[PDB]
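First the structure, in the form of structure tokens, and then the observations on it.
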Amino acid sequence: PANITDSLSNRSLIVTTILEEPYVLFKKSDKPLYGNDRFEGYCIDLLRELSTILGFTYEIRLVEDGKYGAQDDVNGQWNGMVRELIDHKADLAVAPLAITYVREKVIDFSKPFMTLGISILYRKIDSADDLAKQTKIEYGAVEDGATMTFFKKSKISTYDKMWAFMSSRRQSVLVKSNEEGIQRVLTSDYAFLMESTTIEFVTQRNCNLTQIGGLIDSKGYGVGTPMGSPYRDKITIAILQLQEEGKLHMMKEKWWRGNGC
Ligand SMILES: *[C@H]1O[C@H](CO[C@@H]2O[C@@H](C)[C@@H](O)[C@@H](O)[C@@H]2O)[C@@H](O)[C@H](O)[C@H]1NC(C)=O
Ligand SMILES: C/C(=C/C=C/[C@@H](C)C(=O)O)[C@H]1CN[C@H](C(=O)O)[C@H]1CC(=O)O
């Protein structure tokens, strides 16, 4: 068969990540806190877990440039965590980094540790097309993110209809981060095209916000890895193993469940 316990026991790895609730946070505390110890969140538990199985040591580092990884339109150069990996500056990228076609062409991904899809976040119409087929209520996504790239690329009529809308209204309707989008829903009359996984989080934390419709597509977040990295195939197996016993479900339950609505 294929055995993995301690399979990369000798290695010490550099993990790049980005701050995003509730995947990666700085711990709230009162003594000065140091190293890996600074951080917490779903991705942080996932790391601990993957490290226990695969037996490596690791250092967490926030992406220096502070972006996920888009390709520059003008000169076709990669930027965020995606960049960090190519220049081999990091071994692993553990974050809500969507496994994208474009991204997969320059980097290797593990199999998903979470599956999701694009959805609508509105103030408490119920279709992606209920939206595209109209003009009253404005809608948008995070600029140059996986969500946007979906519509930009889509040959399905509905989503290419919607992409035309947002493209024409680029600077008024595309936001620069999740929080900006959330706030823009609460403040204006705006439907935010957001990843279901993150909607589900804010939904049970703010009682005025709801999800409209189901999943427009389906993504996964994968552990990121330089092109052809040896470690990858192992990380995939180590993932499914956690998924198997239902640790992932429990980690999910831990950070997401809470207050209510
Ligand atoms: C495989 O995993 C375990 C391996 O433990 C030790 O460390 C690894 C890196 C190898 O070098 C190996 O020689 C050592 O024994 C085993 O303890 C375990 O029985 C194996 N699991 C299965 C079910 O195949
Ligand atoms: C929260 C988020 C922000 C992305 C911001 C872009 C502008 C970037 O900094 O590269 C990511 C996380 N998952 C999606 C992705 O992998 O691209 C994206 C969220 C989204 O597009 O809805």
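Each reported figure results from applying straightforward, stated rules to the coordinates on display, with no laboratory input. Quick reminder, even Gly has a Cβ in these numbers, built from the backbone with ideal geometry, and neighbours come from all protein chains shown.
Quick notes on this one:
- Annotation note: of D65, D6, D37, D45, the sole residue that is within 16 Å of ligand 1 (Cβ to nearest atom) and of a type outside the set (V, I, T) is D6.
- Residues in the stretch 95-115 that are of a type in the set (K, R) and more than 19 Å from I237 (Cα to Cα) were compared, and the one that is farthest from ligand 1 (Cβ to nearest atom) is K105.
- Every residue from the stretch 218-233 that is surrounded by fewer than 17 Cβ atoms within 10 Å (Cβ to Cβ) and in a loop (DSSP other than H, G, I, E, B): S218, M227, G228, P230
Table: residues versus (1) of a type in the set (K, R); (2) closer than 30 Å to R11 by Cα; (3) touching a helix residue (DSSP H, G or I) at 6+ places or on another chain (Cβ under 9 Å).
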residue	(1), (2), (3)
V82	no, yes, yes
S110	no, yes, yes
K124	yes, no, no
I137	no, no, yes
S188	no, no, no
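- Only one of the numbered conditions (1) on the phi < 0 side of the Ramachandran plot; (2) buried (at least 21 other Cβ atoms within 10 Å of the Cβ); (3) away from ligand 1 (no atom under 16 Å from the Cβ); (4) not polar (S, T, N, Q) is violated by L54, and that is (3).
For (1) more than 13 Å from ligand 2 (Cβ to nearest atom); (2) in a helix (DSSP H, G or I), each residue gets a yes or a no:
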site	(1), (2)
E59	yes, no
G66	no, no
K89	yes, no
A95	no, no
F150	no, yes
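- The residue that is surrounded by the fewest Cβ atoms within 10 Å (Cβ to Cβ), among those in the stretch 1-18 that are in a strand (DSSP E or B) and away from ligand 2 (no atom under 16 Å from the Cβ), is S12.
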